[PDB]
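Everything on this sheet refers to the single structure shown next.
Proteins come first, then strands; the chains are lettered A, B, ... in the order of their sequence lines, and each starts at number 1. Both backbone and side-chain heavy atoms feed into the values below; hydrogens, waters and symmetry mates do not.
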Amino acid sequence: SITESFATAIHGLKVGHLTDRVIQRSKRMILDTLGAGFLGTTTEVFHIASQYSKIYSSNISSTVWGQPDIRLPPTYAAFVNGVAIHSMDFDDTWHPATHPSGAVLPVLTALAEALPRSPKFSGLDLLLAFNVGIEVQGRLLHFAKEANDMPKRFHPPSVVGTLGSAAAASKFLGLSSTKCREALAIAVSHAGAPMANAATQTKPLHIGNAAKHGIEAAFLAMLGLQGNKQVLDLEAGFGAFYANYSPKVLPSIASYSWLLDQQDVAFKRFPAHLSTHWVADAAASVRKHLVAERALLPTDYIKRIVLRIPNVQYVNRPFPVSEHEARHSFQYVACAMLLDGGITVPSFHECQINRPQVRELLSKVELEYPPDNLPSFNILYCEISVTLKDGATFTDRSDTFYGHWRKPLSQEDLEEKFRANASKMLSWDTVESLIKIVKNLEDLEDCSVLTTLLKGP
Amino acid sequence: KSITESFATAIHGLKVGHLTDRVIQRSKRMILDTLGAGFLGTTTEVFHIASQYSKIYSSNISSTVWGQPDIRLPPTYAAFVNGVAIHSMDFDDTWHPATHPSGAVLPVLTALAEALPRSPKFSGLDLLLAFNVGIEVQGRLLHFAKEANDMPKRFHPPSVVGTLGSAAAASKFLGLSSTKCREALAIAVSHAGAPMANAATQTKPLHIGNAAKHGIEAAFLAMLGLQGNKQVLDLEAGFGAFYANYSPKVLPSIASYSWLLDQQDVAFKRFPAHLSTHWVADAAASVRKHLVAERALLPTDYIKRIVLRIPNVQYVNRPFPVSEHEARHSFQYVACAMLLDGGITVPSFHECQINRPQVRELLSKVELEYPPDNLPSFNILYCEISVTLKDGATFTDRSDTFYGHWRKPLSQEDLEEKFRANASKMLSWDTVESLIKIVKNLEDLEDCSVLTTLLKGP
Ligand code: NA
Ligand code: NA
Ligand code: NA
Ligand code: NA
Ligand code: NA
Ligand code: NA
């Protein structure tokens with residue numbers, strides 16, 4: 001069965017199955033995700049998630065990133081750190097479309113701190129469990145062509161991320177293939193959040209809950225709870241989250257091939273929906289024609305701004321107000337880039353989003369939907385056309401952006417993003433120590449060195 | 001106003017004065033039946049697993065695990081474990097459109113009432129109001145699709161509407177503003193929705209346990225200021241994601257409010273199995289009496305063919321169940337156990353009983369037929385059974401309504417006797433009788449601590 005093929009691989013994959021490339025790519029993902037989390041601990045949604053979670057205590061506990069004072073049961077530590085990771089839509093993005101690392105990394109750091117292993121949990125053990133969690137998500141996404149395109153009904157992290165967390169937790173716990181299977185079945189009953197709460201303050205909890213519920217499923221499987229033995233094979237099981245469900249068995253452990261070895265992740269340079277990174281790139285490029293040697297946008301002289309984009313309705317927001325809406329707005333990212341010449345973390349403060357000059361530009365934006373601009377991160381582009389009041393029009397088309405898997409961030413730029421994100425809450429020495437540890441994570445003998453640094457300062 | 005706003009307005013705005021005599025009468029029955037299901041459910045392995053998992057969580061506030069004075073949990077986890085107990089044996093109440101409404105709501109309110117004592121005290125009438133708001137919200141959400149009138153095909157309804165009913169009941173207990181009631185619903189939507197495949201497995205009871213737990217979590221997060229989509233119930237890509245054909249409608253105004261429970265009663269089960277098998281058991285019980293009257297039951301080996309004419313409900317089509325959970329979801333096993341044993345009782349679903357060779361011999365003779373008029377709705381469906389013997393004689397019987405269905409509801413006496421049988425496994429007779437009396441007069445109770453103190457046992 002398909003379900004059995006997943007359980008067999010989760011249990012059976014070994015450190016020796018890792019490739020150099022999958023280790024290199026997952027180390028980049030781990031660093032980027034830690035940075036997103038640390039920056040996320042400054043957000044209101046993180047404060048709410050932590051205030052809720054703090055009602056719970058346990059003799060078996062792990063720590064919230066950067067917050068030595070907040071010790072939580074590992075399920076709730078993973079919840080809060082996951083909320084932080086996804087709080088600003090700054091975390092990594094894959095193809096088919098999901099945010100994979102945020103569902104997996106805080107699970108494994110929580111469990112490593114809360115539950116000593118024998119032998120002790122090593123950097124390679126972490127990389128193995130992490131890559132199993134990533135791999136399971138990607139294989140589940142490939143169960144339907146529709147997961148290649150932007151989601152219409154369920155938010156993918158809540159669907160595949162929940163099972164990825166369960167798989168990573170099952171790997172950490174050393175569960176038998178039978179108990180790995182049960183963990184997946186139990187996780188299915190915790191999976192699946194609708195798309196409506198995207199672009200609201202609740203969206204980050206989709207990743208926090210994926211992390212939390214995956215651990216809960218693994219724990220319950222460990223204790224002996226049973227679920228449907230064919231849960232991934234059934235239209236009324238995991239297929240309930242898909243419009244057209246086409247599942248397939250995994251490859252055999254013999255000469256296993258990782259999806260991450262043939263599909264890199266995208267890393268964001270600013271905290272917003274990935275589709276808007278194409279918009280930002282094109283708007284930055286067209287701006288050169290408008291400002292000449294003056295460095296100033298001729299705002300009053302612009303007649304019309306046309307964005308030729310894929311039809312992605314949850315990112316079509318002509319007048320966003322909240323930070324969450326602006327992160328999901330083709331239009332705001334275009335106009336802020338034209339006006340400001342860049343997009344940064346403060347671009348999504350409410351006081352920037354509602355600037356009168358921004359709203360003047362937003363009043364001039366029209367969307368067009370070219371038929372070949374399909375709503376997939378592997379296909380889509382943005383073409384922007386700016387028409388001036390004298391009738392002159394300048395056009396710029398971006399089919400990728402720096403940080404996309406087609407143009408991946410350098411190690412240097414990835415580390416500089418991490419430094420910017422983490423220095424809000426950690427000291428310089430801790431930031432540099434984390435860079436060095438993660439860069440050489442396969443050499444780390446004891447993960448407690450990593451989890452101790454994550455407490456700060 | 002939006003559909004979502006109309007729900008928040010009603011949750012916040014409904015008052016004890018809006019309750020009718022009939023909704024109080026029917027909900028008092030639901031509360032007693034659900035307590036009994038829970039008490040009996042504390043004997044099950046799934047409850048013990050849920051309890052062992054939950055015991056790792058401590059909090060400064062705590063509530064009781066029913067019948068377990070040795071176990072106190074944060075109210076979220078108490079509602080979780082008691083909800084698992086309620087649904088652990090598929091013995092809890094069933095509504096139209098199809099769901100199990102009380103299990104998602106009662107353990108929420110008993111947990112919160114004990115963990116967060118109020119002044120003025122939380123009265124029986126306050127409990128009845130918050131309970132009936134939770135029930136009402138579920139019913140209105142079920143009516144957002146014609147398909148909820150029929151058996152589910154993709155998502156298990158308790159996980160969908162139960163989660164929001166819990167959120168509503170918790171929001172009512174906590175006295176949240178209408179705005180925060182709205183946010184609680186929106187947050188709850190992101191916690192809702194479990195697929196059907198885990199029905200007939202040991203995980204199904206967690207659908208009700210999680211509905212209870214996640215509704216409280218949503219209300220707590222709303223109380224802390226978390227915000228979600230303001231039109232979550234209006235949107236195809238919000239709550240509509242769980243429905244094939246979504247057709248939401250505003251609630252009526254509170255100034256002229258009518259409760260769904262006033263025009264649609266619940267069904268109470270007589271044995272712990274899927275409601276659709278209660279028609280099968282009823283029909284098989286009668287055909288058995290006919291066979292015995294003609295001296296044609298024994299030997300069981302002279303039965304050649306057993307035809308069940310039933311609705312097309314494939315997750316209850318299980319010709320050779322082996323586990324307890326499969327047998328509770330098997331037309332075939334319920335028919336065969338009734339024919340062999342002459343009744344269906346709690347031990348009928350122990351695996352030793354399920355896997356008796358005589359049972360397997362009867363199961364191998366069963367065939368299902370699907371009459372087109374036997375629609376998969378608890379309002380419509382029936383069971384016809386035909387037993388043919390080796391000598392050719394055919395005995396046919398039929399059940400259009402079984403005792404316990406809303407059309408033929410359990411008398412108060414029989415409902416109380418079911419409670420006694422279920423609750424006496426964990427409670428002393430004095431406590432059992434005290435709970436019957438308290439619930440029967442719940443509108444007169446000044447302080448719900450009198451009720452929650454008894455729930456600890458013995
Ligand atoms: Na979807
Ligand atoms: Na499907
Ligand atoms: Na145009
Ligand atoms: Na769900
Ligand atoms: Na729908
Ligand atoms: Na009859």
Considering only heavy atoms and a distance below 4.5 Å, find which of A:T202, A:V45, A:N209, A:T75 pairs most often with chain B. A:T202

What part of B:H191 lies closer than 4.5 angstrom to a heavy atom of chain A: side chain, backbone, both or neither? side chain

With a 4.5 Å limit on heavy-atom distance, are the side chains of A:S50 and A:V80 in contact? yes

Checking side-chain polar atoms at under 3.5 Å, does A:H324 have a donor or acceptor matched by the opposite partner on A:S322? no

Could you check whether A:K212 pairs with B:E217 (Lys NZ or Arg NE/NH1/NH2 to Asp/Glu carboxylate O, under 4.0 Å)? yes

Can you tell me which portion of B:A186 sits under 4.5 Å from chain A's heavy atoms? Options are side chain, backbone, both or neither. both

Heavy-atom cut-off 4.5 Å, strictly under: side chain, backbone, both or neither for B:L226 against chain A? both

Taking side chain as everything from C-beta outward and backbone as N, CA, C, O, which of these in B:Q231 sits under 4.5 Å from a heavy atom of chain A? Side chain, backbone, both or neither. neither

Picking from B:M196, B:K230, B:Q227, which has the most non-hydrogen pairs under 4.5 angstrom with chain A? B:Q227

Less than 3.5 Å apart, any donor N or O on the side chain of B:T201 or A:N228 sitting next to an acceptor on the other? no

Turns out that what part of B:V189 lies under 4.5 Å from chain A's heavy atoms comes down to both

Side chain, backbone, both or neither: which part of B:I61 has a heavy atom under 4.5 Å from chain A? neither

What residue in B:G228, B:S159, B:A194 has the most heavy-atom pairs under 4.5 Å with chain A? B:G228

Would you mind checking which part of B:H214 comes under 4.5 Å of any heavy atom in chain A, side chain (CB onward), backbone (N, CA, C, O), both or neither? side chain

Heavy-atom proximity to chain A below 4.5 Å, by part of B:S190: both

Non-hydrogen side-chain atoms of B:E114 and B:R72 separated by less than 4.5 Å: yes

Rounding to 0.5 Å, atoms CG (A:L72) and CD1 (A:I55) come to a distance of 10.5 Å

Do the ring planes of B:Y315 and B:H329 sit parallel (below 30°), tilted (30 to 60°) or perpendicular (above 60°)? tilted

Examine the side chains of B:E45 and B:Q202 and answer whether a donor and an acceptor come within less than 3.5 Å of each other. no

